[PDB]
Amino acid sequence: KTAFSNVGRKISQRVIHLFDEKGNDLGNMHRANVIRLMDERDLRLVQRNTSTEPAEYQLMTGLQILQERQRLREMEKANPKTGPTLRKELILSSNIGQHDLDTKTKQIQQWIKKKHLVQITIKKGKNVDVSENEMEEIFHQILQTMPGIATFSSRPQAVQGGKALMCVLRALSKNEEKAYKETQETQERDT
RNA sequence: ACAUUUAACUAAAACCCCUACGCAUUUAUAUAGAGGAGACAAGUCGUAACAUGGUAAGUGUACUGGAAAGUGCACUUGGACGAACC
Ligand SMILES: [K+]
Ligand SMILES: [Mg+2]
Ligand SMILES: [Mg+2]
Ligand SMILES: [Mg+2]
Ligand SMILES: [Mg+2]
Numbered sequence: 072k073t074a075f076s077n078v079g080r081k082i083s084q085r086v087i088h089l090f091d092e093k094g095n096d097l098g099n100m101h102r103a104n105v106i107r108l109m110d111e112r113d114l115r116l117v118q119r120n121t122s123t124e125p126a127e128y129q130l131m132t133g134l135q136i137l138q139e140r141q142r143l144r145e146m147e148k149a150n151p152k153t154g155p156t157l158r159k160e161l162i163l164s165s166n167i168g169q170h171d172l173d174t175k176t177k178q179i180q181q182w183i184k185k186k187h188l189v190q191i192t193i194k195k196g197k198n199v200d201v202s203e204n205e206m207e208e209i210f211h212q213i214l215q216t217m218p219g220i221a222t223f224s225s226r227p228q229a230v231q232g233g234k235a236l237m238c239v240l241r242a243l244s245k246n247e248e249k250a251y252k253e254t255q256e257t258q259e260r261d262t
């Protein structure tokens, strides 16, 4: 998270690949020599590209610093590209009551609808002996509620020496969805 | 609605009416189904309250929510502010 604003008269790095206001390449110069050009022409330096290993800074007028981001306010509006996926966690118990399993199963439907990743963990119930035969039958019971909407990303594993099982769910991908749709129509309509 | 008759040298005889009660009305019971409260006391999801209970608590009202509840507006102390200046 950054902004196209002036860095000020405090430069962290001694050597900077300075750039002219008109786009001319001044070339690498000492940090002290950079401030001389900020006063000589009353201009502000903005870091154009952090990624490059050599420091890159371009000095431009205040109006030039407004027009730049004023276009970054439209590019994201016109073509927003927000793809981060939040990860959610749930820790259930083998002996979880059905009512609590229907309330937590409806919470997963809101997460899958918002394209989140649901990490589900199941633990041995309090003073209850149970294997992984019926302890792994809750995932299939939760996924069934979401037939097309959700599908496994990861699969049940013995995270902690078999006492607990962890799985990850995701929203069905567009392509996958179409495949599911296509299959559903043939079973009933063709018959 | 209904009618004064016979009799009368001692005096008597004669008499006999029609309409109500209902698909009205009152109260209670039985039954399909639905939903409270209590007792008992498991399990499950949380941790709302009691300490400034970890966002002080609560009243009224409104909206909201798996659930205790949360928020807004006004009100209360059945809260506190540490009690010379510095
Ligand atoms: K409270
Ligand atoms: Mg509490
Ligand atoms: Mg509290
Ligand atoms: Mg209140
Ligand atoms: Mg709210």
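Just so we're aligned, residue 72 is where the first sequence starts under the entry's author numbering, counting upward by one.
Here a beta-carbon is modelled for each residue, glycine too, at the ideal position from N, C-alpha and C.
* Residue range of the alpha helix (DSSP H) that includes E111 -> Its alpha helix (DSSP H) spans residues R102 to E111.
Next on the checklist: I need the straight-line Cα distance from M109 to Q231, nearest angstrom please.
Outcome noted: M109 and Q231 have their C-alpha atoms some 60 Å from each other.
ask   = In chain order, which alpha helix (DSSP H) runs of at least 4 residues are fully inside the region 95 to 180?
value = Listed in chain order, the complete alpha helix (DSSP H) runs (minimum 4 residues) inside the region 95 to 180 are 102 to 111 and 133 to 149.
Practice problem: Determine the closest residue to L236 out of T262, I179 and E208, with distance taken between C-alpha atoms. | Solution: Out of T262, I179 and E208, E208 has the C-alpha closest to the C-alpha of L236.
- request: Hey, could you find the ends of the beta strand (DSSP E) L240 is sitting in?
  value: First-last of the beta strand (DSSP E) with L240: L236 to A242.
- Task: Determine the closest residue to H187 out of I162, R158 and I193, with distance taken between C-alpha atoms.
- Result: Looking at the Cα atoms, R158 is the closest of the given residues.
ask   = Are the region 134 to 151 and the region 167 to 175 touching by the rule of at least three beta carbon pairs closer than 8 Å?
value = Taking a cut-off of 8 Å for Cβ pairs, the region 134 to 151 and the region 167 to 175 do not touch, as fewer than three such pairs fall below it.
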